[PDB]
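A.B. asks: Here it is, the structure, as structure tokens.
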Amino acid sequence: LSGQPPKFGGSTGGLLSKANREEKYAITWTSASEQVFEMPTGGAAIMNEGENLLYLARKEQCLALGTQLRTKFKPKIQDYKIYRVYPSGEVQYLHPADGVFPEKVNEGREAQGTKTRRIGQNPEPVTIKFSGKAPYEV
Amino acid sequence: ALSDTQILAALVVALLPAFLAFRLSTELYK
Amino acid sequence: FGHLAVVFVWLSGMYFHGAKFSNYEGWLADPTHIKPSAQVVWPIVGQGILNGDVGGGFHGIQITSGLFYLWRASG
Amino acid sequence: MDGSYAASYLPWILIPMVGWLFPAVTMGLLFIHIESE
Amino acid sequence: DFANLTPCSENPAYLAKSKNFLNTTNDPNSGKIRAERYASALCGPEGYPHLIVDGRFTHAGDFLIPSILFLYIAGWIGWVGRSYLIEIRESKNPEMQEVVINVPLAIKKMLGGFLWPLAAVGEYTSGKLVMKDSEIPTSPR
Amino acid sequence: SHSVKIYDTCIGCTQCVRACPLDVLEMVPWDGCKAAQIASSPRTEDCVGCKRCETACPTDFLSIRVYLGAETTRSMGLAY
Amino acid sequence: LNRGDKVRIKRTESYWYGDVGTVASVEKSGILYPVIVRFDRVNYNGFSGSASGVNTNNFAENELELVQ
Amino acid sequence: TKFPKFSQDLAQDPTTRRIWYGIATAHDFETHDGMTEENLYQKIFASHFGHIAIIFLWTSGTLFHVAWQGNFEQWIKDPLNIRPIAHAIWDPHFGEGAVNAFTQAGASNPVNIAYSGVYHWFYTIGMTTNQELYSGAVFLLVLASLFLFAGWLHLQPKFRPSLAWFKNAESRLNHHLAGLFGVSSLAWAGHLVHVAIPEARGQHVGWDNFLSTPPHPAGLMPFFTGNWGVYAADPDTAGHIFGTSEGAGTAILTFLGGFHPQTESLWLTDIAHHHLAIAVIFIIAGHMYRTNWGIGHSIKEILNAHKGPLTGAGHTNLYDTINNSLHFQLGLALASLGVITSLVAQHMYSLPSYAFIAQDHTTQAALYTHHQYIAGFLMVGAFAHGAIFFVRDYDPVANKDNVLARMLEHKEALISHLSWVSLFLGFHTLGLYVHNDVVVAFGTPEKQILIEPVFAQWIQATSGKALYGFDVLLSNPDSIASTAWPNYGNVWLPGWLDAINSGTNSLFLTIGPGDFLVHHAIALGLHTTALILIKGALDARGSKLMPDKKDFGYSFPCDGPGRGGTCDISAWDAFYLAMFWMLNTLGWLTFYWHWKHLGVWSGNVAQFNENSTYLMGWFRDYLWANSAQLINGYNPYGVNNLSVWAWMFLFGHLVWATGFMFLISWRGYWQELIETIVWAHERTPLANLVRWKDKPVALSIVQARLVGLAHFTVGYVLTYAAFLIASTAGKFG
Amino acid sequence: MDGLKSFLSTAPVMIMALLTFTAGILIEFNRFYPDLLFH
Ligand code: CLA
Ligand code: CLA
Ligand code: CLA
Ligand SMILES: CC1=C(/C=C/C(C)=C/C=C/C(C)=C/C=C/C=C(C)/C=C/C=C(C)/C=C/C2=C(C)CCCC2(C)C)C(C)(C)CCC1
Ligand code: SF4
Ligand code: SF4
Ligand code: SF4
């Protein structure tokens, strides 16, 4: 979790008590040029030279920040890493879970969440009655 | 009219559906 | 500019209705008994009943905008 | 609220209980219950 | 039959109202000709003419004549719109011609509606009026 | 958590995996289409249920389905 | 099936179920749904307020019924 | 975490959604965890026992409060003059004005006037003292106790029935048709001939002289020998006074077929003979289905043998479809119960069977409106469970090419035809109403489209109403129907013709041009409610917008903003919309009934007959004119007895507009609003101490659709109950 | 000028011309033969 924080003046939009009781999310990106971005918490901040460490409370805020880092800057910042840090202390590593962004085929990922049929051959709820399951997951 | 003690008799009789309703609802909760 | 053209068309309609289809020439003489009426109704399906007796022998809808008071104040 | 009928003291005690003791006790027990564990 | 309704000629209430019918048009005899027109109808104790929609031909003008007239001049509208919509479906851009109406074609179709019931029985006997149940798109069933 | 299922009709157009805000989805190799790729849903415990992945899917009816279920902290989007 | 062929959909899922469509291509690379049928009618697709959907889908060989 | 113990997926979210959805899902026993079909059926059975005890405790409370706090002793002296007291008001909020205003119907305490009509029902069935009602209330307490013990007993593993017991349709049909519908009707005929008819003729038949006093001077030997005419020897003479012996007659079973000329209701002997006939027919109908012995029918044979050419498979495999599905059974039960609740409402006002209930007008209005609202709710629930059956329990493989498969195989055709008929009928009812309204407003009421409802007038003429001048079947006494030439068995016909042709009773009301348009409005409401309900029932398995809705279930919120926007696509949302249309249609018909009977009761029927043909007539002669006595229930001068009804009027308006809040504003606005409020709580001093265990979230989409529907319904019912009960009690007692 | 031809041929202009024409003939028939409740 190395990195000086952005020069932000503080805001009421941000980390509530969820951050220090359960998980909060850190986005770390490196930029050569100092510039101004829109924090998803509301406002505008200062990208430090080099590494940045921004603590946010939702994963969607971190990915929205990373999205605007990718698309709203002409020198696109694509070496951004999103962590999930716990108050107990351990740090997870979430968004670029493999090497490359999810749009690109890494060829070493596993096809999970894939059904071997289309929606027409989905089973129907009358067959699975009182089975504790639901027509997708059978 | 109606008596004073008939009302209390009805109350102590209706104490029996109270007990049986409590036990039926408890047994439905299983 | 096109919107101003619309507003001037509407305002011309107001002044033309006060000119031709109104009892302003009659209301100006007696503005305490008879009432303004800047819109007569063509009788087609029995809607000539909306031409209620507004005063002075004129028959029409009594208007509720202060156009007649506006034109009396403006001279 | 005079009571001409038999046992006029009985609504006198049962309107507070069904109005307060039944709601306060029932919502207290349900508040302990729905938030237990 | 119909003892509840008396004809408006021999009715006290209708005479009481018809003394004061209003003028619907500029004409000052419109109320009088309306009172003469409604005197042949059947009206109740209220003094307002009632309509009889049995299909009995003594009261065929109450409902059946407007029934036939509307059915003709609305089958006109339906058939003309159907024929125009069928026609524009072979013009390589059938969707724009709903926006901008092809007025020579539209007026030709609109004056084609004189013979719609003959066109309707012709298209129904020759199978162009309806479509088969399989040939049309449908929901999952 | 919501379950995101991807069916055989996927054409590997990548639209769902970049329409997803939380980047639940990712593209894995496949042999059943011209694009030689199919969407998968590995981190599907992070799905909020927004269904922007279903909105972006061009195949008819749908090659990706979101099936809303047991809510959690991650799948309800609560900052508190 | 060949290019330009009009086919009738029997998918039971598609918006164009029972509707006719000109075949735009057939793929030979051994994929599950190789026939690209493209329709005059657009489906239910896109975000809300979008002026149009998509008129193209990939169907298998068995789902199509040739009507030309 | 522990509260929704029936579903583990709800005991995990740390929000208030688990509280709301635990309360909602608690009775959907099919979706609980660890539920097999046998445990489903046994839990359902004991829930039924608990509900039977609810009904018995409710009627025990009604009896106990008529007995204890009501003036039943005083009311059976002169039921025409004294208002029946329901129970006693005891709240500490009443000022002096409200206590003096609510002291009514000859009491000392403040009391509530009973508009449920239980007084007339108890007086008719022979109850004439407070001790009889107290004994009835204690007996129903014991009966409710018995059914609670029965439910607890059938949750015990020794007495829990098997699945083959619950899936035994033929034996249940036998014992319900014969032993429940026929033996109970026979027992009611027994009570009528032993207790209600004799105490209507004067003598006391309690439990003591029950065996000592035969109902008839002739014994039961005439019943056995076949000489049954002695039971109809001398009927109640037309100068009979209820509750005492003047021209009694001593005939327990007669069939006069008119009205009692003093109570204005039906003769109790006629009621007893009716229930005897119904018991005989229902008892022989309960010997139709096969059981442990050999004779009878098997329902599978009856259903599977009905196969025609125009349907194909016909009814094959409908026995297992109905038997294995509980939502099909519940839909059929609710449909039949809604039909017969409509029937109860339509017959209890035109053919009243209680002493002096046709002369107490507020209770007749309350009973009609109550049962028509229950009937609308039950019909909408029948279609809701048709939709739930089509989602959950419908198997399109076993139901191949039968009548259900062919329902779903052409649902677009009949949905489009319901669309056409509702559009057609609505366009022209609103067109005729707006035409009448505009031409009346233009000073020319003679230009109205006034259509004689000749078909219903002809129906009344066939039943004997000779006012309209038709002489067809019973209005023509020379006809084959009126004479009944082979036998002349029309014993009911002189009394029926004397009752239908009297202008006093509500039996076969005079129907004019104002009734035509409201019947077509009622037909429009029925058709549009049916359109929404069958559009949810048949599209429950999916339309082209969403070809899979069976996998999302019944009450999913939406399917996203994709595919154009998919806001109310679930079948539950068609329930929602048809709930609105049901409330509208019942409002239309109860408005119509109420205004028609305010004309009839007051004698000024001309008000309805000329002013109901246009909409401002409905608006100024009904809504505005009759709420004058309502809103003046409390004014700055003082308070009268219609003050709680004025307060309920305003209360129902407030609940209705809160329903508007839930239906119009949607969840995103409220979720971000609650996020700001949560920030406020977590960042303020002295309230940081108090923390929520369940994180506050906004109500869900489907949940707040339901909450707005509940508010709309509750406010709608409370407003109309207040208006209908204060408008009649404003001008009729 | 083919643009005024294609604009006067649009759906709103043609539907308003049609509604104005039908309203005109209905209003004229009510002006000459005023009150026709039946035949
Ligand atoms: C349905 C039940 C019901 C009942 C019976 C009451 C009854 C009462 N209300 Mg209330 N009210 C209710 C519902 C009810 N309300 C609801 C739902 C609303 C919200 C819309 C209100 C709104 C309302 C307001 C805003 C006010 C009242 C007030 C009053 C009281 C007027 C007299 C007074 O000064 O009391 C005094 C208070 C009491 C008698 C409360 C009981 C406290 C004493 C100390 C008894 C406790 C004894 C002991 C300490 C504990 C014994 C334990 C036991 C096991 C033995 C009266 C007792 C007024 C008042 O003065 O309230 C305080 C008033 O200002 N009410
Ligand atoms: C001319 C085209 C056309 C024709 C032949 C039909 C014919 C049909 N429609 Mg209709 N319909 C159309 C236009 C058309 N419609 C349009 C434009 C609308 C959109 C509002 C609808 C919406 C509609 C509904 C919602 C329903 C029907 C239904 C029906 C059937 C019963 C007739 C009826 O209820 O009329 C009803 C007609 C209307 C409510 C609106 C008619 C609109 C105008 C008057 C028609 C002419 C349109 C256009 C100006 C013609 C172009 C002329 C050409 C020179 C360019 C019938 C198959 C019903 C059904 O399901 O049948 C079982 C039904 O429920 N239609
Ligand atoms: C002769 C024997 C008999 C009898 C009397 C009953 C009686 C009953 N059974 Mg049972 N049952 C039987 C044998 C019997 N069963 C057998 C052998 C089977 C096994 C195959 C079952 C299996 C079965 C199950 C599985 C269930 C029942 C249920 C019930 C109840 C349904 C009736 C009810 O609640 O509304 C009472 C209804 C009536 C009295 C008649 C209906 C009303 C009609 C429409 C007339 C309308 C009223 C009239 C117009 C005027 C009334 C107005 C007046 C009140 C003011 C009732 C207690 C259900 C229940 O409640 O469980 C506890 C239940 O779930 N039974
Ligand atoms: C369950 C279910 C369902 C159903 C439901 C519903 C749909 C209901 C409705 C139904 C109904 C609700 C019906 C009604 C009925 C009616 C009728 C049944 C009528 C008729 C009647 C009669 C026949 C009568 C006659 C007569 C007269 C009128 C006079 C005198 C003589 C006589 C008696 C003959 C569904 C399918 C959804 C789905 C599945 C499930
Ligand atoms: S958007 Fe649909 S078609 Fe495209 S890659 Fe994702 S699942 Fe496949
Ligand atoms: S529902 Fe939303 S968050 Fe979940 S996979 Fe689809 S696009 Fe991503
Ligand atoms: S507005 Fe609400 S109900 Fe409609 S599509 Fe969006 S989320 Fe679903």
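Just so we're on the same page: first chain in the structure tokens is A, next is B, and so on; residues restart at 1 for each chain, and ligands are numbered from 1 in the order they show up.
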Ligand 7: which residues are within 6 Å, counting only C-alpha atoms and all ligand atoms, as a PyMOL selection string?
C.D. replies: chain H and resi 557-561+565-567
A.B. asks: Select all residues from chain F having any atom no more than 6 Å from an atom of chain H (counting only C-alpha atoms, ignoring ligands), output as a list in words.
C.D. replies: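 Selected residues: residues 51, 55, 70, 71 and 72 of chain F.
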A.B. asks: If we count only C-alpha atoms, which residues of chain F reach to within 9 Å of chain G? Please list them as a ChimeraX atom specification.
C.D. replies: /F:8-9,11,31-34,52,55-61
A.B. asks: List as a ChimeraX atom specification the protein and nucleic acid residues lying within 9 Å of ligand 3, with only C-alpha atoms and all ligand atoms counted.
C.D. replies: /H:41-42,44-52,118,121,147,150-151,165-185,336-337,340-341,344
A.B. asks: Would you mind exporting N, CA and C atoms of the selected residues as a compact mmCIF listing (two decimals), in the first residue's frame?
C.D. replies:
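Contents of out_10.txt, as written:
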```txt
# COMPACT_ATOMS: atom_id res chain seq x y z
N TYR H 41 -47.55 -29.69 3.07
CA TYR H 41 -48.98 -29.93 3.23
C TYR H 41 -49.37 -29.96 4.70
N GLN H 42 -48.51 -30.51 5.56
CA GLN H 42 -48.85 -30.58 6.98
C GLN H 42 -48.81 -29.21 7.63
N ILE H 44 -49.36 -26.41 6.04
CA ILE H 44 -50.54 -25.76 5.49
C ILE H 44 -51.79 -26.16 6.27
N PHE H 45 -51.93 -27.46 6.56
CA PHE H 45 -53.08 -27.97 7.29
C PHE H 45 -53.21 -27.33 8.67
N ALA H 46 -52.11 -27.26 9.40
CA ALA H 46 -52.21 -26.66 10.73
C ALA H 46 -52.39 -25.14 10.66
N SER H 47 -51.89 -24.50 9.60
CA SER H 47 -52.21 -23.09 9.40
C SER H 47 -53.70 -22.89 9.17
N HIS H 48 -54.33 -23.81 8.45
CA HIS H 48 -55.78 -23.75 8.27
C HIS H 48 -56.50 -23.87 9.59
N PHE H 49 -56.02 -24.76 10.46
CA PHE H 49 -56.64 -24.89 11.78
C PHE H 49 -56.53 -23.61 12.58
N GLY H 50 -55.35 -22.99 12.56
CA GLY H 50 -55.19 -21.70 13.22
C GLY H 50 -56.11 -20.64 12.67
N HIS H 51 -56.34 -20.66 11.36
CA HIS H 51 -57.21 -19.66 10.75
C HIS H 51 -58.69 -19.91 11.06
N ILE H 52 -59.10 -21.17 11.13
CA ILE H 52 -60.45 -21.51 11.60
C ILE H 52 -60.66 -20.99 13.01
N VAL H 118 -75.32 -7.87 12.45
CA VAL H 118 -75.35 -9.08 13.25
C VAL H 118 -76.57 -9.11 14.16
N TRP H 121 -79.37 -10.64 12.10
CA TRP H 121 -79.10 -12.06 11.91
C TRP H 121 -79.35 -12.85 13.18
N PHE H 147 -60.26 -26.23 17.75
CA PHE H 147 -59.54 -26.21 16.48
C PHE H 147 -58.07 -25.85 16.65
N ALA H 150 -56.64 -29.08 17.61
CA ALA H 150 -56.56 -29.94 16.45
C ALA H 150 -55.36 -29.62 15.58
N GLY H 151 -55.07 -28.33 15.40
CA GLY H 151 -53.89 -27.95 14.64
C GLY H 151 -52.60 -28.37 15.31
N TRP H 165 -52.77 -38.84 1.92
CA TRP H 165 -53.99 -38.34 2.53
C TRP H 165 -54.38 -36.98 1.98
N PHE H 166 -53.40 -36.09 1.80
CA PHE H 166 -53.69 -34.77 1.28
C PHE H 166 -53.99 -34.80 -0.21
N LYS H 167 -53.41 -35.75 -0.93
CA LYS H 167 -53.64 -35.88 -2.36
C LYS H 167 -54.83 -36.78 -2.68
N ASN H 168 -55.75 -36.95 -1.74
CA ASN H 168 -56.94 -37.77 -1.92
C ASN H 168 -58.10 -36.84 -2.25
N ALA H 169 -58.29 -36.59 -3.54
CA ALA H 169 -59.30 -35.62 -3.96
C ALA H 169 -60.71 -36.18 -3.87
N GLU H 170 -60.89 -37.46 -4.19
CA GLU H 170 -62.23 -38.03 -4.27
C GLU H 170 -62.88 -38.14 -2.90
N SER H 171 -62.14 -38.62 -1.91
CA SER H 171 -62.69 -38.73 -0.56
C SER H 171 -62.98 -37.37 0.04
N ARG H 172 -62.10 -36.39 -0.20
CA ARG H 172 -62.34 -35.04 0.28
C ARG H 172 -63.56 -34.43 -0.38
N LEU H 173 -63.74 -34.65 -1.68
CA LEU H 173 -64.93 -34.15 -2.36
C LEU H 173 -66.19 -34.81 -1.83
N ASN H 174 -66.12 -36.10 -1.53
CA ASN H 174 -67.27 -36.79 -0.96
C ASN H 174 -67.63 -36.22 0.40
N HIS H 175 -66.65 -36.05 1.27
CA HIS H 175 -66.95 -35.61 2.62
C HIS H 175 -67.23 -34.12 2.71
N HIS H 176 -66.83 -33.34 1.72
CA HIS H 176 -67.16 -31.93 1.73
C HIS H 176 -68.50 -31.67 1.07
N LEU H 177 -68.79 -32.35 -0.03
CA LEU H 177 -70.08 -32.22 -0.67
C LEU H 177 -71.19 -32.77 0.21
N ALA H 178 -70.97 -33.93 0.82
CA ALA H 178 -72.02 -34.54 1.61
C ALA H 178 -71.97 -34.10 3.07
N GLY H 179 -70.82 -34.24 3.70
CA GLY H 179 -70.74 -34.04 5.13
C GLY H 179 -70.54 -32.61 5.59
N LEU H 180 -70.05 -31.75 4.71
CA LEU H 180 -69.80 -30.36 5.07
C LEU H 180 -70.76 -29.40 4.41
N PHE H 181 -71.09 -29.61 3.15
CA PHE H 181 -72.07 -28.78 2.48
C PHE H 181 -73.48 -29.30 2.64
N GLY H 182 -73.66 -30.59 2.86
CA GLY H 182 -74.99 -31.16 2.94
C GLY H 182 -75.46 -31.41 4.35
N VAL H 183 -74.59 -31.97 5.19
CA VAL H 183 -74.98 -32.21 6.58
C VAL H 183 -75.08 -30.91 7.35
N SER H 184 -74.23 -29.93 7.05
CA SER H 184 -74.38 -28.64 7.72
C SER H 184 -75.60 -27.89 7.24
N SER H 185 -75.96 -28.02 5.96
CA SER H 185 -77.20 -27.42 5.49
C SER H 185 -78.41 -28.12 6.08
N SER H 336 -64.13 -19.42 -7.40
CA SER H 336 -65.48 -19.80 -7.03
C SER H 336 -65.97 -19.02 -5.81
N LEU H 337 -65.08 -18.77 -4.84
CA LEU H 337 -65.47 -18.00 -3.67
C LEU H 337 -65.73 -16.54 -4.01
N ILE H 340 -69.19 -16.53 -5.70
CA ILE H 340 -70.30 -16.66 -4.78
C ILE H 340 -70.33 -15.54 -3.74
N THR H 341 -69.24 -14.80 -3.53
CA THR H 341 -69.34 -13.62 -2.68
C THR H 341 -70.02 -12.48 -3.42
N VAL H 344 -73.60 -13.56 -3.10
CA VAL H 344 -74.10 -13.20 -1.78
C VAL H 344 -74.47 -11.73 -1.73
```
A.B. asks: Which distance in Å separates CA of residue 570 (chain H) and CA of residue 532 (chain H), to one decimal?
C.D. replies: 11.9 Å
A.B. asks: Could you find all residues in chain E that DSSP calls alpha helix (DSSP H) from the backbone, and write them as an MDAnalysis selection string?
C.D. replies: chainID E and resid 12:18 30:38 60:87 96:99 103:110 116:125
A.B. asks: Would you tabulate, counting only C-alpha atoms, all residues of chain A that have an atom at most 8 Å from an atom of chain H, showing the closest pair of atoms and their distance in Å to one decimal, sorted by chain then ascending number, as a Markdown table?
C.D. replies:
```
| residue | atom | partner | partner_atom | distance |
| --- | --- | --- | --- | --- |
| A:16 | CA | H:679 | CA | 7.4 |
| A:17 | CA | H:682 | CA | 7.5 |
| A:119 | CA | H:548 | CA | 7.4 |
| A:124 | CA | H:550 | CA | 6.9 |
| A:125 | CA | H:392 | CA | 5.5 |
| A:126 | CA | H:393 | CA | 4.9 |
| A:127 | CA | H:395 | CA | 7.5 |
| A:129 | CA | H:393 | CA | 8.0 |
| A:130 | CA | H:36 | CA | 5.5 |
| A:131 | CA | H:36 | CA | 7.7 |
| A:132 | CA | H:33 | CA | 6.6 |
| A:134 | CA | H:551 | CA | 7.2 |
| A:135 | CA | H:551 | CA | 5.4 |
| A:136 | CA | H:551 | CA | 6.6 |
```
A.B. asks: Can you tell me which residues come within 7 Å of ligand 6 when counting only C-alpha atoms and all ligand atoms, ideally as a list in words?
C.D. replies: residues 4, 16, 19, 20, 21, 22, 23, 24, 25, 41, 44, 46, 47, 48, 49, 50, 51, 52, 53, 54 and 66 of chain F
A.B. asks: If we count only C-alpha atoms, what is near residue 29 (chain B) at a cut-off of 12 Å, once residues fewer than 3 positions away on the same chain are taken out, given as an mmCIF file with N, CA, C and O atoms, in the first residue's frame?
C.D. replies:
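Everything below was put into part31.cif:
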```cif
data_model
loop_
_atom_site.group_PDB
_atom_site.id
_atom_site.type_symbol
_atom_site.label_atom_id
_atom_site.label_comp_id
_atom_site.auth_asym_id
_atom_site.auth_seq_id
_atom_site.Cartn_x
_atom_site.Cartn_y
_atom_site.Cartn_z
ATOM 1 N N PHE B 22 -51.127 -20.267 21.694
ATOM 2 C CA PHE B 22 -49.697 -20.125 21.924
ATOM 3 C C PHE B 22 -48.966 -21.419 21.601
ATOM 4 O O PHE B 22 -47.928 -21.402 20.927
ATOM 5 N N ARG B 23 -49.525 -22.556 22.016
ATOM 6 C CA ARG B 23 -48.836 -23.815 21.763
ATOM 7 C C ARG B 23 -48.935 -24.244 20.302
ATOM 8 O O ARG B 23 -47.973 -24.801 19.765
ATOM 9 N N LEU B 24 -50.048 -23.947 19.624
ATOM 10 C CA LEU B 24 -50.145 -24.236 18.195
ATOM 11 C C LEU B 24 -49.177 -23.380 17.391
ATOM 12 O O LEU B 24 -48.522 -23.876 16.471
ATOM 13 N N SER B 25 -49.086 -22.086 17.706
ATOM 14 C CA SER B 25 -48.174 -21.216 16.973
ATOM 15 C C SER B 25 -46.724 -21.596 17.230
ATOM 16 O O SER B 25 -45.892 -21.539 16.318
ATOM 17 N N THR B 26 -46.406 -21.993 18.463
ATOM 18 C CA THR B 26 -45.067 -22.485 18.759
ATOM 19 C C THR B 26 -44.761 -23.759 17.979
ATOM 20 O O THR B 26 -43.643 -23.941 17.485
ATOM 21 N N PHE H 3 -33.948 -14.055 12.369
ATOM 22 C CA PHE H 3 -35.380 -13.824 12.194
ATOM 23 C C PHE H 3 -35.979 -14.567 11.002
ATOM 24 O O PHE H 3 -36.934 -15.330 11.201
ATOM 25 N N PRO H 4 -35.485 -14.408 9.764
ATOM 26 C CA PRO H 4 -36.155 -15.228 8.752
ATOM 27 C C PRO H 4 -35.516 -16.611 8.731
ATOM 28 O O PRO H 4 -34.739 -16.974 7.855
ATOM 29 N N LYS H 5 -35.849 -17.411 9.747
ATOM 30 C CA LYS H 5 -35.273 -18.740 9.895
ATOM 31 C C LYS H 5 -35.739 -19.703 8.817
ATOM 32 O O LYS H 5 -35.131 -20.765 8.652
ATOM 33 N N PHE H 6 -36.789 -19.357 8.079
ATOM 34 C CA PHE H 6 -37.265 -20.211 7.007
ATOM 35 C C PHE H 6 -36.417 -20.087 5.752
ATOM 36 O O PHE H 6 -36.494 -20.958 4.881
ATOM 37 N N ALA H 26 -42.866 -15.062 4.859
ATOM 38 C CA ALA H 26 -43.132 -15.980 5.966
ATOM 39 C C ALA H 26 -44.209 -17.011 5.658
ATOM 40 O O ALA H 26 -44.156 -18.124 6.184
ATOM 41 N N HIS H 27 -45.180 -16.679 4.812
ATOM 42 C CA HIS H 27 -46.262 -17.602 4.504
ATOM 43 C C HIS H 27 -46.095 -18.322 3.183
ATOM 44 O O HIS H 27 -46.872 -19.231 2.894
ATOM 45 N N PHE H 29 -44.819 -20.952 1.935
ATOM 46 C CA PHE H 29 -44.193 -22.143 2.495
ATOM 47 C C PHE H 29 -43.422 -22.944 1.458
ATOM 48 O O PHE H 29 -42.558 -23.738 1.834
ATOM 49 N N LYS H 43 -47.818 -28.385 7.282
ATOM 50 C CA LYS H 43 -47.772 -27.020 7.790
ATOM 51 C C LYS H 43 -48.961 -26.207 7.293
ATOM 52 O O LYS H 43 -49.533 -25.412 8.047
ATOM 53 N N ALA H 46 -52.107 -27.258 9.402
ATOM 54 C CA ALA H 46 -52.205 -26.656 10.726
ATOM 55 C C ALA H 46 -52.388 -25.144 10.660
ATOM 56 O O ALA H 46 -53.003 -24.556 11.561
ATOM 57 N N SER H 47 -51.892 -24.497 9.603
ATOM 58 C CA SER H 47 -52.208 -23.088 9.399
ATOM 59 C C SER H 47 -53.699 -22.886 9.172
ATOM 60 O O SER H 47 -54.280 -21.904 9.649
ATOM 61 N N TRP H 152 -52.496 -28.137 16.618
ATOM 62 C CA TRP H 152 -51.316 -28.593 17.343
ATOM 63 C C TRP H 152 -51.202 -30.107 17.301
ATOM 64 O O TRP H 152 -50.097 -30.652 17.241
ATOM 65 N N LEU H 155 -49.762 -31.303 14.038
ATOM 66 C CA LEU H 155 -48.323 -31.156 13.889
ATOM 67 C C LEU H 155 -47.526 -32.216 14.635
ATOM 68 O O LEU H 155 -46.307 -32.284 14.458
#
```
A.B. asks: Within 6 Å of ligand 4, counting only C-alpha atoms and all ligand atoms, which protein or nucleic acid residues do you find, written as a PyMOL selection string?
C.D. replies: chain H and resi 328+331-332+335+339+382-383+386+537
A.B. asks: Would you mind exporting the chosen residues as a PDB file, in the first residue's frame, restricted to C-alpha atoms?
C.D. replies:
```pdb
ATOM      1  CA  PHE H 328     -54.163 -24.141  -9.157  1.00  0.00           C
ATOM      2  CA  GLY H 331     -56.956 -20.186  -7.802  1.00  0.00           C
ATOM      3  CA  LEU H 332     -60.042 -22.327  -8.386  1.00  0.00           C
ATOM      4  CA  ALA H 335     -62.449 -17.853  -8.198  1.00  0.00           C
ATOM      5  CA  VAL H 339     -68.145 -15.544  -7.678  1.00  0.00           C
ATOM      6  CA  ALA H 382     -57.764 -16.184  -8.113  1.00  0.00           C
ATOM      7  CA  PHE H 383     -56.037 -14.709 -11.121  1.00  0.00           C
ATOM      8  CA  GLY H 386     -53.380 -18.603 -11.764  1.00  0.00           C
ATOM      9  CA  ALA H 537     -51.425 -15.073 -15.966  1.00  0.00           C
TER      10      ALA H 537
END
```
A.B. asks: Step by step, measure atom-to-atom distances between ligand 2 and each residue using only C-alpha atoms and all ligand atoms, keep those at most 6 Å, then write them as number ranges by chain.
C.D. replies: E: 77-82, 84, 106, 110; H: 416-417, 419-420
A.B. asks: What residues in chain E have any atom no more than 6 Å from chain H when counting only C-alpha atoms, and can you write them as number ranges by chain?
C.D. replies: E: 1-4, 48, 50-52, 139, 141
A.B. asks: May I have the residues within 9 Å of region 24-33 of chain D as a compact mmCIF listing (two decimals) with N, CA, C and O atoms, in the first residue's frame, using only C-alpha atoms and disregarding those fewer than 4 positions away in the same chain?
C.D. replies:
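And here's selection_34.txt as it stands now:
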```txt
# COMPACT_ATOMS: atom_id res chain seq x y z
N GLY D 19 -53.34 -1.22 24.54
CA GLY D 19 -52.80 -0.06 23.86
C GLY D 19 -51.32 0.16 24.10
O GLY D 19 -50.63 0.68 23.22
N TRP D 20 -50.82 -0.18 25.28
CA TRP D 20 -49.41 0.04 25.59
C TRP D 20 -48.66 -1.24 25.92
O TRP D 20 -47.63 -1.50 25.30
N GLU D 37 -28.78 -13.10 17.59
CA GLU D 37 -27.64 -13.70 16.88
C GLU D 37 -27.07 -12.79 15.80
O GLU D 37 -26.28 -11.88 16.09
N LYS H 2 -31.16 -14.27 12.50
CA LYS H 2 -31.96 -15.38 12.98
C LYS H 2 -33.43 -15.27 12.58
O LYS H 2 -34.07 -16.31 12.39
N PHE H 3 -33.95 -14.05 12.37
CA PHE H 3 -35.38 -13.82 12.19
C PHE H 3 -35.98 -14.57 11.00
O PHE H 3 -36.93 -15.33 11.20
```
